[PDB]
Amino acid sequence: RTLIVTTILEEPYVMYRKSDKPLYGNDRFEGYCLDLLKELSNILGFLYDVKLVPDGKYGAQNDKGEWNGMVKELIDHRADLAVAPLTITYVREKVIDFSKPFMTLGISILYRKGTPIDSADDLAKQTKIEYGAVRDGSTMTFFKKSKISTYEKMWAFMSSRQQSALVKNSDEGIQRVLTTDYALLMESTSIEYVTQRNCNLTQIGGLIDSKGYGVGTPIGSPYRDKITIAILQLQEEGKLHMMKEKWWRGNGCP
């Protein structure tokens, strides 16, 4: 049968292909996650139908404990796989079955060049430089759920004033960094992609934590273990590394 794959537009993981003609079906998309999906398909022998998540969200839990985004798509069995930069977290792993990571990463800081700023600590000990994260993303959830002091502190600032320091998406975060005195808490993988296209931007400091992106499947899915096995193979063969090189190269920045 044919698997329904939920995904979301996010450079360079999943993007609209460029063409002069209207596009249809899976041919609408290209990017790292599409190449990964093709490799998984070839290895496991399934057909797939790529569908953008209707609410345009990744997956977060509200006050009632109700889920949204690609996570909710899986929970309701409206999709068989989620293939996207979907961060493997404690709260999400409790509600879906993630494959093992196809890409590792950590929270870090995107900022303009030329400044004394060197760490998260630097930001937490002042109020002049604004800083935030994408609202309801795993990065925000990390700061909110944290019981570590410095990150407890950054959260209190981030969420203050009705969350005015937060952004709705990465592109908005990037523009805010480029225009104003603002630093975006962003996943290192996305920082690496952006800083190789726009030589005005840089990563500040190292990785604040350690996690990965995983293919999402519903709890009890027969495909999860098979996908994990295929990802392990692709990693061992150097394939995932090439795929990352391919999509992350960009224009080149020093």
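Just so we're on the same page, rigid core means the largest C-alpha set that superposes within 1.5 Å between forms. In case it trips you up, residue 1 is the first one in the sequence shown, and so on.
Chemist: Comparing 203-211 with 36-44, which has C-alphas lying farther from the shown form in 8 other deposited structures of this protein once the core is aligned?
Modeler: Once the cores are fitted, 203-211 deviates more in 8 other deposited structures of this protein.
Chemist: Between 78-86 and 136-144, pick out the one whose C-alpha positions differ more from the shown form in 8 other deposited structures of this protein, using the rigid core for superposition.
Modeler: Farther from the shown form on average in 8 other deposited structures of this protein: 136-144.
Chemist: With respect to the recorded C-alpha B factors, which stretch has the higher mean value, 25-33 or 42-50?
Modeler: Comparing 25-33 with 42-50, the higher average CA B-factor belongs to 42-50.
Chemist: Higher average CA B factor in the deposited record is what I'm after, so tell me if that's 59-67 or 190-198.
Modeler: Taking the mean B-factor of the alpha carbons in each, 59-67 is higher.
Chemist: Whose CA atom has the top B-factor in the entry, of 121, 171, 93, 80?
Modeler: When the deposited C-alpha B-factors of 121, 171, 93, 80 are compared, 121 is largest.
Chemist: Per the entry, which of 175, 99, 138, 162 tops the list for Cα B factor?
Modeler: In this record, 162 carries the highest C-alpha B-factor of the candidates.
Chemist: Considering every modelled residue of the chain and its Cα B-factor in the PDB entry, is residue 20 in the lowest, middle or highest third?
Modeler: For residue 20, whose C-alpha B-factor we compare with every modelled residue in the chain, the answer is the highest third.
Chemist: What third of the chain, by the recorded C-alpha B-factor, contains residue 237?
Modeler: Middle third.
Chemist: Among the modelled residues of this chain, does the Cα B factor of residue 105 put it in the lowest, middle or highest third?
Modeler: As the PDB entry reports it, the C-alpha B-factor of residue 105 lands in the middle third of its chain.
Chemist: Using only modelled residues of the chain, where does the Cα B factor of residue 207 rank: lowest third, middle third or highest third?
Modeler: For residue 207, the deposited C-alpha B-factor lands in the middle third.
Chemist: Going by the recorded CA B-factors, say which third of the chain residue 214 sits in, lowest, middle or highest.
Modeler: Tercile = lowest for this residue's CA B-factor.
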